[PDB]
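Encoded as structure tokens, the structure appears first; notes follow it.
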Amino acid sequence: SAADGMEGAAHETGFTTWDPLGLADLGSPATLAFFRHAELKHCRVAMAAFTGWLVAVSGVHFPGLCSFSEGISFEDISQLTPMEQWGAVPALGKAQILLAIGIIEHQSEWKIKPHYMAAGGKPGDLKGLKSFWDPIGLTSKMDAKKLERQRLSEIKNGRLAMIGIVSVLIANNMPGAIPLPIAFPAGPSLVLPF
Amino acid sequence: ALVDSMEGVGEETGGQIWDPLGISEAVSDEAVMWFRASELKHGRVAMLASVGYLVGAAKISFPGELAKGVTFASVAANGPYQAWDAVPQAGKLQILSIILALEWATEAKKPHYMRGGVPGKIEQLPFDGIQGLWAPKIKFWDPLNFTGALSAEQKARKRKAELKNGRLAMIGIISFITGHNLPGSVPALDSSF
Amino acid sequence: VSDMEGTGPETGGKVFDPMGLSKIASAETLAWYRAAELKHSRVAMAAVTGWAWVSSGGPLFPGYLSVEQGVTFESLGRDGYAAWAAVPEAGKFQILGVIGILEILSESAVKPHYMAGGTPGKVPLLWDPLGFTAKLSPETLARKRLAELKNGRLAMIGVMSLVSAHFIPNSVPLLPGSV
Amino acid sequence: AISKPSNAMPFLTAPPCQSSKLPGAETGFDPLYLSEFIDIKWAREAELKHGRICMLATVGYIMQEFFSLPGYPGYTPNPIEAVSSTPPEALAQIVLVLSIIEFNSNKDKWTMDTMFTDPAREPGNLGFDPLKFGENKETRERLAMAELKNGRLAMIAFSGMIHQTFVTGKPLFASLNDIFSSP
Amino acid sequence: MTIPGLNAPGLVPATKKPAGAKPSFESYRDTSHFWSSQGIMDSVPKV
Ligand SMILES: CC(=O)O[C@H]1CC(C)(C)C(=C=C/C(C)=C/C=C/C(C)=C/C=C/C=C(C)/C=C/C=C(\C)C(=O)C[C@@]23O[C@]2(C)C[C@@H](O)CC3(C)C)[C@](C)(O)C1
Ligand code: KC2
Ligand code: KC2
Ligand code: KC2
Ligand SMILES: CC1=C(C#C/C(C)=C/C=C/C(C)=C/C=C/C=C(C)/C=C/C=C(C)/C=C/[C@@]23O[C@]2(C)C[C@@H](O)CC3(C)C)C(C)(C)C[C@H](O)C1
């Protein structure tokens, strides 16, 4: 397939590209680069989502008040289930969180001029947005071999994390989906913005 | 004639074609290919049904449950005839859907049997070659490749045996059902089946 | 069949197939037979060792199988079929689901499949995580494969002996009447 | 003894659409021969538009029975009743957005004579391909034929869901269960 | 509903009367759609 030189072939699928439906053969190398970039974004967002979900369930929260006008505090938001926390956030707070995320997305599309869809894209590469990825230079000590290993670890952890966040968010609403009997927190599996 | 070049001729009717009514003589060759394909499909379905009906008549069933409320023994209790009615609806739908998949995939092969391909030779991998569809490559017939050990003459003799057994089962399963419907029509069947 | 492993000195240094089942087997059929034999050996060895350890008054796991449902490993029963029945249905479901995911991964992730020109009954996914037989010689590895097959067949015999002793009241001579 | 019969129907003559370079042109299904009267490029544009709309609509219809926007006013699993139940402003905004899209995409090309004046204009090729599947020319024929067939099946399917809900008064899969229920 | 074959029999035997005398001509002419007044009034479309 076109997804042969692309990194991502794992230890659990032999060492061959796992494309049973042949979507990588569909479309252009630009389309496959879009698929890779979407995969890595879903990976990363899923890792962040599962960490935030664990934070919400544990109840660890920032000390202070989210908004002094409405009087809502991190503690009052923590009282709700993890998905209800988003509904509990102030509307302007959600608006500016989405504004920050949108600005990051726009800069990722814009300032990374060799585009992921375009030739020489490096679809996973968002470094170039200076001091965005790895502000502490932790990856600087590593070399190409360890960097490739850590990229593969990123891909594996992120695929597992998106499966996990879907599982935990669908477990309570869809009983009997995940066999482990434990009081998964209530609330909707999907929420709208604002 | 295509009817003169098959394996179904058997000494039970002499060394000659069994076409009493000239059905094969009154049709073109394409219909003869269709006839052989349908004959073998009927025979194979019939022997599956015959052994299954004997198993049901013996009240033999798996240890477990066919659903969450019914037991295999419970649904087999009345007998082979009412067993299909007593099967749950979703299971019947699933059997029919998988049979639909089989008889669509086997039909969708371009050599075919009506249009220049071996009649009765179901493509061993029906779901392979289908774009955007994936199957585990469990080849439909001979999943563990018994016939590979045989020579060409051996498997020709066994194809003749297939035709004979399929015809016999064609008779047998209908004998079972007719004996159930009309009591005493087939005296070999007890009241159990 | 004459070139495969499993034969030992205990049958004339020769194959044991009285009923001709290998004569109707091609290379792929023989590979399937070997894969099934090895997987049965593995499953039976684990099963018989677990059954012996549990029903022989061996150590049991420390605490609660289900902290919420209230089932201690001691209270499970220390009897094979009874303990399996007393295990929660969710526990059985997730054991079987994990084994099913492992089986699907095994079928889809061991390239040259064992039925398409691959070694029968090898799982690179699950074998020697640490280092154990990644450096052994190709004759001692064959010897230990033969040992695997032998005592695995013995384990098949033993586990079905336990099953027969459980169902048939006293069918095995030197096994208790409450298996 | 028809010299040039329709491929779909050997007992009818070849329509103009059969002798054409459109995707799916090798079927010749036109018993009423509306390809002779209607411009084939316009007709294919409309075909693809209706297919796209209805293959959005079928998924919307089946998934509106099960899923809801959280706390959306006037939800009803029966979409026919749910249209009236929902706010009129929602549908007004949707129609306005689709009007904007159609106007901007077919600027100065709203009519048979006006559209397809430029030779490069292809039926259904409104330039919508963000992921650039069409750059790979090997799969373009597959994707075009697939779009056409799935759009056709979706037009038919949406008609089916709409009229089944009209018949039964219940949503799609509720009526399906009632059909596949106990005697 | 009764899916024929899935949750019900397939072809079902029909109900029949074991022979009988000839019905009089006026018995079925007075109910026929073309040679009866009520038959003609009932032989119309519906919607
Ligand atoms: C079987 C059953 O029934 O249930 C099972 C299965 C089921 C249902 C799926 C379940 C689930 C959910 C699961 C499994 C969820 C998994 C979630 C997952 C796997 C989440 C990863 C997050 C990773 C993050 C945030 C990493 C950031 C890491 C960052 C930002 C780094 O800096 C990395 C770093 O390397 C650099 C780049 C440079 C180095 O110099 C320094 C380090 C090393 C720090 C259950 C219920 O739990 C259990
Ligand atoms: C993407 C992350 C993010 C960034 C980068 C960012 C930056 C800045 C800057 C500097 C540029 C200023 C000067 C500023 C000021 C205020 N932020 Mg703000 N903020 C972010 C996130 C949130 C969230 C989640 C909330 C929030 C809020 C408030 C309130 C309270 C108002 C009130 O009393 O209602 C005030 C005064 C809360 C809110 O909007 O409440 C309605 C609330 O919940 N912010 N914020
Ligand atoms: C050869 C035909 C065939 C195939 C290929 C096939 C495949 C699969 C697959 C994988 C692709 C899954 C995942 C699956 C799952 C379930 N099947 Mg199923 N199945 C087939 C046949 C039957 C029959 C006859 C019955 C049945 C059933 C169930 C139930 C039980 C639910 C319950 O406990 O009620 C569940 C969950 C029973 C049923 O419908 O019960 C209402 C029932 O009688 N199946 N089945
Ligand atoms: C090899 C198979 C296997 C694996 C790989 C595996 C993995 C994981 C993971 C990580 C991936 C987590 C996070 C997890 C969690 C829980 N497991 Mg589980 N588990 C396996 C087997 C069993 C069995 C046999 C039982 C069981 C149970 C529970 C309970 C219930 C606690 C309670 O209710 O007190 C919880 C929370 C018990 C149960 O559900 O009892 C009703 C039970 O008997 N597990 N399990
Ligand atoms: C050919 C082709 C394709 C195709 C196709 C397919 C599958 C097409 C399918 C078309 C299909 C499936 C068309 C159904 C019509 C049904 C109608 C009109 C029903 C009317 C029903 C009526 C009027 C019912 C009326 C009543 O109920 C009323 C109101 C009350 C009752 O008292 C009386 C009755 C019961 C009478 C591809 C593969 C998709 C792409 C390819 O490229 C080209």
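Note on naming: chains are A, B, ... as they come in the structure tokens, residues start from 1 per chain, ligands start from 1 in the order shown.
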Next on the checklist: Distance limit 8 Å, reference ligand 1, atoms considered: only C-alpha atoms and all ligand atoms. Which residues make the cut? Give them as an NGL selection string.
Outcome noted: (:A and (44 or 46-48 or 50-51 or 134 or 137-142 or 150 or 154 or 156-165 or 167-168 or 178-180)) or (:C and (94 or 98))
Item to check | Test item: residues no farther than 8 Å from ligand 3, counting only C-alpha atoms and all ligand atoms, as a ChimeraX atom specification | outcome: /B:65-69,87-96,98-99
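Across region 3-45 of chain E, DSSP run on the backbone finds alpha helix (DSSP H) at residues 25, 26, 27, 28, 29, 37, 38, 39, 40, 41 and 42 of chain E.
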Checklist entry - Near residue 147 (chain D), counting only C-alpha atoms, which residues have an atom at most 10 Å away, once you skip same-chain residues fewer than 6 positions from it, shown as a ChimeraX atom specification? => result /D:23,48,51-52,55,141,153
Can those selected residues be exported to a file as an mmCIF file, in the first residue's frame so that it contains N, CA and C atoms?
```
data_model
loop_
_atom_site.group_PDB
_atom_site.id
_atom_site.type_symbol
_atom_site.label_atom_id
_atom_site.label_comp_id
_atom_site.auth_asym_id
_atom_site.auth_seq_id
_atom_site.Cartn_x
_atom_site.Cartn_y
_atom_site.Cartn_z
ATOM 1 N N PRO D 23 -19.591 8.633 -16.323
ATOM 2 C CA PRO D 23 -19.470 7.442 -15.473
ATOM 3 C C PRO D 23 -20.810 6.734 -15.355
ATOM 4 N N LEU D 48 -26.245 13.605 -9.413
ATOM 5 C CA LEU D 48 -25.272 13.585 -8.333
ATOM 6 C C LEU D 48 -25.718 14.478 -7.183
ATOM 7 N N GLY D 51 -28.408 12.550 -5.326
ATOM 8 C CA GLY D 51 -27.806 11.426 -4.633
ATOM 9 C C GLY D 51 -27.040 11.851 -3.397
ATOM 10 N N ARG D 52 -26.267 12.933 -3.503
ATOM 11 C CA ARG D 52 -25.539 13.441 -2.348
ATOM 12 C C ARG D 52 -26.495 13.905 -1.257
ATOM 13 N N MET D 55 -28.165 10.775 0.285
ATOM 14 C CA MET D 55 -27.265 9.934 1.057
ATOM 15 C C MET D 55 -26.715 10.651 2.281
ATOM 16 N N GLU D 141 -12.268 6.482 -11.388
ATOM 17 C CA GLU D 141 -13.416 5.812 -11.993
ATOM 18 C C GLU D 141 -14.198 5.028 -10.947
ATOM 19 N N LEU D 153 -28.966 4.524 -4.747
ATOM 20 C CA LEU D 153 -29.496 3.701 -3.667
ATOM 21 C C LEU D 153 -29.999 4.561 -2.518
#
```
Checklist entry - Taking only C-alpha atoms and all ligand atoms into account, which of D:62, D:54, D:162, D:148 comes nearest ligand 5? => result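 Of D:62, D:54, D:162, D:148, the one nearest ligand 5 is D:148, counting only C-alpha atoms and all ligand atoms.
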Item to check | Residues within 10 Å of region 54-56 of chain A, only C-alpha atoms, excluding chain neighbours under 3 positions, as a list in words | outcome: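 Counting only the stated atoms, we get residues 48, 49, 50, 51, 59, 60, 61, 77, 78, 79, 80, 81, 82, 83 and 85 of chain A.
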Keeping only N, CA, C and O atoms, write those residues as an mmCIF file, in the first residue's frame.
```cif
data_model
loop_
_atom_site.group_PDB
_atom_site.id
_atom_site.type_symbol
_atom_site.label_atom_id
_atom_site.label_comp_id
_atom_site.auth_asym_id
_atom_site.auth_seq_id
_atom_site.Cartn_x
_atom_site.Cartn_y
_atom_site.Cartn_z
ATOM 1 N N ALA A 48 -4.633 13.301 25.840
ATOM 2 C CA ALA A 48 -5.021 14.422 26.689
ATOM 3 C C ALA A 48 -6.407 14.205 27.285
ATOM 4 O O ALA A 48 -6.644 14.516 28.456
ATOM 5 N N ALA A 49 -7.330 13.658 26.495
ATOM 6 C CA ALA A 49 -8.693 13.453 26.965
ATOM 7 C C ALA A 49 -8.748 12.411 28.068
ATOM 8 O O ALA A 49 -9.477 12.582 29.046
ATOM 9 N N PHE A 50 -7.991 11.320 27.937
ATOM 10 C CA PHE A 50 -8.002 10.313 28.990
ATOM 11 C C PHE A 50 -7.333 10.831 30.255
ATOM 12 O O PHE A 50 -7.795 10.541 31.366
ATOM 13 N N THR A 51 -6.251 11.602 30.118
ATOM 14 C CA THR A 51 -5.638 12.181 31.309
ATOM 15 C C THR A 51 -6.596 13.146 32.002
ATOM 16 O O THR A 51 -6.728 13.127 33.232
ATOM 17 N N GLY A 59 -10.978 13.893 40.961
ATOM 18 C CA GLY A 59 -11.410 15.086 41.655
ATOM 19 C C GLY A 59 -10.320 16.099 41.915
ATOM 20 O O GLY A 59 -10.613 17.164 42.471
ATOM 21 N N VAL A 60 -9.070 15.799 41.550
ATOM 22 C CA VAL A 60 -8.012 16.795 41.646
ATOM 23 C C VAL A 60 -8.363 17.967 40.745
ATOM 24 O O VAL A 60 -8.747 17.786 39.582
ATOM 25 N N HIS A 61 -8.253 19.177 41.286
ATOM 26 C CA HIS A 61 -8.696 20.375 40.593
ATOM 27 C C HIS A 61 -7.824 21.549 41.010
ATOM 28 O O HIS A 61 -7.185 21.531 42.066
ATOM 29 N N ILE A 77 -17.382 22.599 39.869
ATOM 30 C CA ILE A 77 -17.336 21.846 38.617
ATOM 31 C C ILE A 77 -16.911 20.407 38.883
ATOM 32 O O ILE A 77 -17.392 19.471 38.233
ATOM 33 N N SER A 78 -16.004 20.206 39.843
ATOM 34 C CA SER A 78 -15.532 18.865 40.152
ATOM 35 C C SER A 78 -16.643 17.998 40.722
ATOM 36 O O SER A 78 -16.613 16.772 40.564
ATOM 37 N N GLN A 79 -17.618 18.608 41.407
ATOM 38 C CA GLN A 79 -18.728 17.821 41.947
ATOM 39 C C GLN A 79 -19.483 17.035 40.876
ATOM 40 O O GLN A 79 -20.048 15.981 41.187
ATOM 41 N N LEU A 80 -19.504 17.506 39.630
ATOM 42 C CA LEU A 80 -20.261 16.832 38.585
ATOM 43 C C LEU A 80 -19.456 15.685 37.974
ATOM 44 O O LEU A 80 -18.274 15.485 38.266
ATOM 45 N N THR A 81 -20.122 14.926 37.101
ATOM 46 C CA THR A 81 -19.463 13.858 36.370
ATOM 47 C C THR A 81 -18.519 14.464 35.334
ATOM 48 O O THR A 81 -18.645 15.643 34.996
ATOM 49 N N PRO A 82 -17.549 13.684 34.828
ATOM 50 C CA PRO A 82 -16.516 14.284 33.956
ATOM 51 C C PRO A 82 -17.064 14.981 32.723
ATOM 52 O O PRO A 82 -16.555 16.042 32.339
ATOM 53 N N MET A 83 -18.094 14.419 32.089
ATOM 54 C CA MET A 83 -18.629 15.034 30.880
ATOM 55 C C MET A 83 -19.511 16.232 31.214
ATOM 56 O O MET A 83 -19.638 17.162 30.409
ATOM 57 N N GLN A 85 -18.773 18.352 33.445
ATOM 58 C CA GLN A 85 -17.891 19.467 33.769
ATOM 59 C C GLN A 85 -17.855 20.481 32.636
ATOM 60 O O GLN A 85 -17.867 21.693 32.880
#
```
Item to check | Site check for ligand 4: residues at most 8 Å away, only C-alpha atoms and all ligand atoms, as a ChimeraX atom specification | outcome: /A:179-182 /C:64-70,87-92,94-96,98-99
Next, dump the selected residues to file, keeping only N, CA and C atoms, as a CSV table (one decimal), in the first residue's frame.
```
chain,number,residue,atom,x,y,z
A,179,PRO,N,-16.9,-5.1,29.8
A,179,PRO,CA,-17.4,-6.1,30.8
A,179,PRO,C,-17.1,-5.8,32.2
A,180,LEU,N,-16.0,-5.0,32.5
A,180,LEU,CA,-15.6,-4.8,33.9
A,180,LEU,C,-16.7,-4.1,34.7
A,181,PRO,N,-17.4,-4.7,35.7
A,181,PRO,CA,-18.5,-4.1,36.4
A,181,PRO,C,-17.9,-3.1,37.4
A,182,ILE,N,-18.0,-1.8,37.1
A,182,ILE,CA,-17.6,-0.7,38.0
A,182,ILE,C,-18.4,0.5,37.7
C,64,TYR,N,-9.9,-10.9,47.1
C,64,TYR,CA,-11.3,-10.9,46.5
C,64,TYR,C,-11.2,-11.0,45.0
C,65,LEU,N,-11.8,-12.0,44.4
C,65,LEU,CA,-12.0,-12.0,43.0
C,65,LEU,C,-12.9,-10.8,42.5
C,66,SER,N,-13.9,-10.5,43.2
C,66,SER,CA,-14.8,-9.4,43.0
C,66,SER,C,-15.0,-8.7,44.3
C,67,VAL,N,-14.3,-7.5,44.5
C,67,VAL,CA,-14.5,-6.8,45.8
C,67,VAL,C,-15.9,-6.3,45.9
C,68,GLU,N,-16.6,-5.9,44.8
C,68,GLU,CA,-17.9,-5.4,44.9
C,68,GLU,C,-18.9,-6.5,45.0
C,69,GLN,N,-18.8,-7.5,44.2
C,69,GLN,CA,-19.8,-8.6,44.2
C,69,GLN,C,-19.6,-9.5,45.4
C,70,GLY,N,-18.4,-9.5,46.0
C,70,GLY,CA,-18.2,-10.3,47.3
C,70,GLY,C,-17.9,-11.7,47.0
C,87,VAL,N,-17.2,-18.4,39.6
C,87,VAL,CA,-16.5,-17.2,39.1
C,87,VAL,C,-17.6,-16.3,38.5
C,88,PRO,N,-17.5,-15.0,38.6
C,88,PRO,CA,-18.6,-14.1,38.1
C,88,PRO,C,-18.6,-14.2,36.5
C,89,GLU,N,-19.8,-14.1,36.0
C,89,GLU,CA,-20.0,-14.2,34.5
C,89,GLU,C,-19.2,-13.1,33.8
C,90,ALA,N,-19.1,-11.9,34.4
C,90,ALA,CA,-18.3,-10.9,33.8
C,90,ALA,C,-16.8,-11.3,33.8
C,91,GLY,N,-16.3,-11.9,34.8
C,91,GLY,CA,-14.9,-12.4,34.8
C,91,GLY,C,-14.7,-13.4,33.7
C,92,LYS,N,-15.6,-14.4,33.5
C,92,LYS,CA,-15.5,-15.4,32.5
C,92,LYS,C,-15.6,-14.7,31.1
C,94,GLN,N,-14.7,-11.6,30.3
C,94,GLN,CA,-13.5,-10.9,29.9
C,94,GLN,C,-12.3,-11.8,29.7
C,95,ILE,N,-12.3,-12.9,30.4
C,95,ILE,CA,-11.2,-13.9,30.1
C,95,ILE,C,-11.4,-14.4,28.7
C,96,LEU,N,-12.6,-14.8,28.3
C,96,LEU,CA,-12.8,-15.4,27.0
C,96,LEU,C,-12.6,-14.3,25.9
C,98,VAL,N,-10.5,-11.7,26.1
C,98,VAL,CA,-9.1,-11.5,26.0
C,98,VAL,C,-8.5,-12.6,25.2
C,99,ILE,N,-8.9,-13.8,25.5
C,99,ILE,CA,-8.4,-15.0,24.7
C,99,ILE,C,-8.8,-14.8,23.3
```
Checklist entry - Got a sec to check which residues lie within 7 Å of ligand 2, using only C-alpha atoms and all ligand atoms, and send them as a VMD selection string? => result chain A and resid 66 to 70 89 to 94 96 to 100
Item to check | ligand 5 neighbours within 8 Å using only C-alpha atoms and all ligand atoms, as a list in words | outcome: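 Every residue with an atom at most 8 Å from ligand 5 is listed here: residues 24, 145, 146, 148, 149, 150, 151, 152, 153, 154, 156, 157, 160 and 167 of chain D.
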Checklist entry - Hey, what's within 9 Å of residue 169 (chain B) if we count only C-alpha atoms and toss same-chain stuff fewer than 2 positions away? As a ChimeraX atom specification, please? => result /B:43-51,164-167,171-174
Counting only C-alpha atoms, which residues in chain D sit no more than 12 Å from chain B? For each one, give the nearest pair of atoms and the distance in Å, sorted by chain then residue number, as a Markdown table.
```
| residue | atom | partner | partner_atom | distance |
| --- | --- | --- | --- | --- |
| D:139 | CA | B:131 | CA | 11.5 |
| D:142 | CA | B:131 | CA | 10.1 |
| D:143 | CA | B:131 | CA | 11.8 |
| D:146 | CA | B:131 | CA | 11.6 |
| D:177 | CA | B:90 | CA | 11.4 |
| D:180 | CA | B:89 | CA | 8.3 |
| D:181 | CA | B:89 | CA | 8.5 |
| D:182 | CA | B:89 | CA | 8.7 |
| D:183 | CA | B:89 | CA | 11.3 |
```
Residue subset to file, keeping C-alpha atoms, as a short mmCIF file (atom, residue, chain, number, x, y, z; two decimals), in the first residue's frame:
```
data_model
loop_
_atom_site.label_atom_id
_atom_site.label_comp_id
_atom_site.auth_asym_id
_atom_site.auth_seq_id
_atom_site.Cartn_x
_atom_site.Cartn_y
_atom_site.Cartn_z
CA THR D 139 -9.29 5.14 -8.33
CA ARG D 142 -14.14 3.59 -8.99
CA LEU D 143 -15.06 6.55 -6.80
CA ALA D 146 -19.47 4.41 -6.42
CA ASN D 177 -38.90 -4.07 14.84
CA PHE D 180 -39.76 -8.32 12.64
CA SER D 181 -41.64 -8.94 15.91
CA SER D 182 -43.71 -11.87 17.17
CA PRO D 183 -46.93 -12.75 15.24
#
```
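All chain A residues having an atom within 12 Å of chain C, based on only C-alpha atoms, amount to residues 9, 10, 11, 12, 13, 14, 15, 16, 17, 18, 19, 20, 176, 177, 178, 179, 180, 181, 182 and 183 of chain A.
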